[PDB]
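[1] Sequence plus experimental coordinates follow:
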There are 2 protein chains.
Amino acid sequence: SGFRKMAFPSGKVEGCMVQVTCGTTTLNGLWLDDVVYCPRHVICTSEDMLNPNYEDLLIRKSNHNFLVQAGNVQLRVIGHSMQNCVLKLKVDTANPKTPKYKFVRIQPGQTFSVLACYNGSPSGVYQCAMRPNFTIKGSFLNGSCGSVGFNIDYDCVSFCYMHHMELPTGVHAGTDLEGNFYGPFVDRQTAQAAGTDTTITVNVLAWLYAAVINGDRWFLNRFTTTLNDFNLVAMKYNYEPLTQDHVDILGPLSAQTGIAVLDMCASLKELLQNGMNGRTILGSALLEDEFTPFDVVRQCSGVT
Amino acid sequence: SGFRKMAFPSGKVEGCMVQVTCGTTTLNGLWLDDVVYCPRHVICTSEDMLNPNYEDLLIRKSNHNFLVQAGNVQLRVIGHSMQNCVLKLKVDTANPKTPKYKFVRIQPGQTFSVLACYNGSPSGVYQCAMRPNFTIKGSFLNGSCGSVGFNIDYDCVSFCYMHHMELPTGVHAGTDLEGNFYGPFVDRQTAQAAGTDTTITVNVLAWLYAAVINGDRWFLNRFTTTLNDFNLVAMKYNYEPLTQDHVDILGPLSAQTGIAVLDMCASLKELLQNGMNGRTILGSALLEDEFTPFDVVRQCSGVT
Ligand SMILES: *CC(=O)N1CCN(S(=O)(=O)c2cc(C)ccc2C)CC1
Ligand SMILES: *CC(=O)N1CCN(S(=O)(=O)c2cc(C)ccc2C)CC1
């Protein structure tokens, strides 16, 4: 029993972290086979970041300008290219610790683990979600860029995030490993505001299932609702509209608990309308929305 | 910017996890040099657990009864001994992935990372604290026992916890790596109730410093207090009495923020007396007490 915000074991990703330096800028790269992936803003001076022309900045950079270091051993760069907002540095050595891996572009509401690194060295691991506004709520200081977000399916690491940006509101923006930003964000120091941080309804419901499974049940009530009635309440409280797809995804948690998805919706409806009244659910005083239905099943069943 | 419940990178510990089976019971062992550490209740039938005599149960066990498996390779057991509530299984092979390590018995209020494992395979990593009642609030299913808690100082893993027990209230009890339980808990299926779960005052104050550092400042007020006045309020709300040692430990966060420890105490006092009034601090609706002052400095400065 017990339910905790859990990250994937970071070992397979730790073995892929290197340091990349172009001139005076140091950040993290991801070393997979004979390619090191890193944010293209490694080629910028802070000056450049107001309105950088990356193609033009890149022309001034040669292979030998990209200093790549795995622990205390230097990698030889034999090629470099820009793909969207990332650089791919071809090195002469395949990373011997390359795990089985995929690159996946995740949907908003999907969760992943971040290995926060500085100078290619891991500092820690935490769980994130891609927010509906395509920000993530991270812990990233100067030097953390190139830190990656990932899921693990048994032995295969699916890399979904590379850290690039902090918005003036202290939320985080970045790319998939093909260098395409999540949402409308750009690697430029400009006016970029996050849109509404909407709550991931399907994740809250999953987490309410996790609570019932782990003995926290005070918020169960005698009510039910409909998708359309619940969605009137979702709208008011800036929650994602709940769809039949979301209902279908909650099926297995429904089955195991014997609580109909729409009855749990009626519990969430009452919690939205009445608050927690100073009570807690799985050690939280607000409605947690960074566990997926998959995350709840995984943790509640002890998958490895 | 941003502040997250962060675990240590788990790689160094992942390389130490094995599976231990005695008869029908499978749990996790920790493989360091040529010794595998595991809970002694691996020798029990569920029947035994009502009132086990471990010395007498152990007499029936030989080296060859302890099946130790690192991934898909079997380790040869050449000796076994009971130290308090753990077994030490001597194997003929030093773990080649043994990191630099120490065993440390932590004090209540100290934090650590747990690598949750099942059948010697890592499922995930989360941050815990040793609670003042010597429980931890974990995520542990059947098969998770032998999962360990640890801190990392640069390259040295300090193992502080091995998971042994769930109390009927769904909180967790276990041992240091010398097999001594934290608190009054025993590896017997009996009436064991946790005492008062008191809030770690010094950790809450640290986390209030983390909030100010990361821009959450609405709870700062025009008041100060004294240790004795604050402690009257701590008593009422089941918070640990704040000591000059705690004040001294908060010194560096005091220095960096320019907020006197006792002024922050007055903010915490008002939050205890008036609640959050539906507001949040670093994404929380309650007062977080599982970050140490050390944890805040570490995360806020990007140590690796
Ligand atoms: C995330 C991360 O490590 N970084 C992104 C933000 N920069 S920066 O904008 O401070 C910067 C400074 C300098 C001197 C050159 C280039 C950049 C982007 C730090 C790195
Ligand atoms: C934490 C963990 O993995 N375990 C502790 C609790 N036991 S048990 O009490 O269910 C048990 C069952 C059997 C059949 C033998 C011995 C024990 C302790 C499961 C393991």
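    All right, it came through fine. Numbering: from 1, shown residues only, chains lettered A, B, ... in the order given. Ligands and ions are numbered 1, 2, ... in the order given.

[2] C-alpha only now, for contacts and for neighbours.
    Fine.

[3] And the helices in chain A?
    All helices of chain A, identified by DSSP state H, fall at A:11-14, A:54-59, A:201-213, A:227-236, A:244-249, A:251-257, A:261-274, A:293-301.

[4] burial measure for the closest residue to residue A:209 other than its chain neighbours, as a count.
    Leaving aside its sequence neighbours, residue A:209 sits nearest to residue A:253 (CA to CA, 6 or more residues apart in numbering or on different chains; 6.4 Å). A total of 23 residues lie near residue A:253 under the criterion other CA atoms under 10 Å in any protein chain shown.

[5] separation between residue A:253 and ligand 1?
    The gap separating residue A:253 from ligand 1 is 38 Å, by CA to the nearest ligand atom, to the nearest Å.

[6] Which among the helices of chain A is found nearest to residue B:190?
    Using CA to CA as the measure, helix A:201-213 is the one of the helices of chain A that comes nearest residue B:190, at 23.2 Å.

[7] angle of the closest one against helix A:293-301?
    20 degrees (axes from the mean of the first three to the mean of the last three CA atoms, to 10 degrees).

[8] Report the distance from helix A:201-213 to the chain centre.
    Relative to its chain's centre, helix A:201-213 lies at 19 Å (CA atoms, centre = their mean, to the nearest Å).

[9] Please enumerate residues in contact with that helix?
    A:3, A:109, A:217, A:234, A:239-242, A:246-247, A:250, A:253-254, A:257, A:264-265, A:268, A:281-282, A:287-293, A:296, A:300 (CA atoms under 8 Å, 6 or more residues apart in numbering or on different chains).

[10] Compute the inter-axis angle for that helix and helix A:261-274.
    100 degrees.

[11] quick one: helix A:201-213 to helix A:227-236, angle?
    Going by the same axes, to 10 degrees, helix A:201-213 makes 100 degrees with helix A:227-236.

[12] Please enumerate the strands of chain A.
    Taking DSSP state E, the strands of chain A run over residues A:17-22, A:25-32, A:35-39, A:66-70, A:73-75, A:77-83, A:86-91, A:100-103, A:111-118, A:121-129, A:148-153, A:156-166, A:172-175.

[13] Identify each buried residue in the longest one, please.
    Spelled out, it's strand A:156-166. A:157-166 (16 or more other CA atoms under 10 Å in any protein chain shown).

[14] List the contacts of the residue of chain A at minimum distance from chain B.
    Across chain A, no residue is closer to chain B than residue A:11, which sits at 3.5 Å (CA to the nearest CA). Residue A:11 makes contact with B:9-12, B:14, according to CA under 8 Å, 6+ apart.

[15] now with 7 Å?
    B:9-11, B:14 (CA atoms under 7 Å, 6 or more residues apart in numbering or on different chains).

[16] hmm, back to that, right, and the helices of chain A - which one's nearest ligand 2?
    In terms of CA to the nearest ligand atom, the element of the helices of chain A nearest to ligand 2 is helix A:293-301, at 12.9 Å.

[17] re the thing from before, next, format the buried residues of strand A:156-166 as CSV and append distance to chain B.
    Below are the buried residues of strand A:156-166 laid out as CSV (distance: CA to the nearest CA, whole Å):
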residue, distance to chain B
A:157, 13
A:158, 16
A:159, 17
A:160, 18
A:161, 17
A:162, 16
A:163, 13
A:164, 13
A:165, 11
A:166, 8
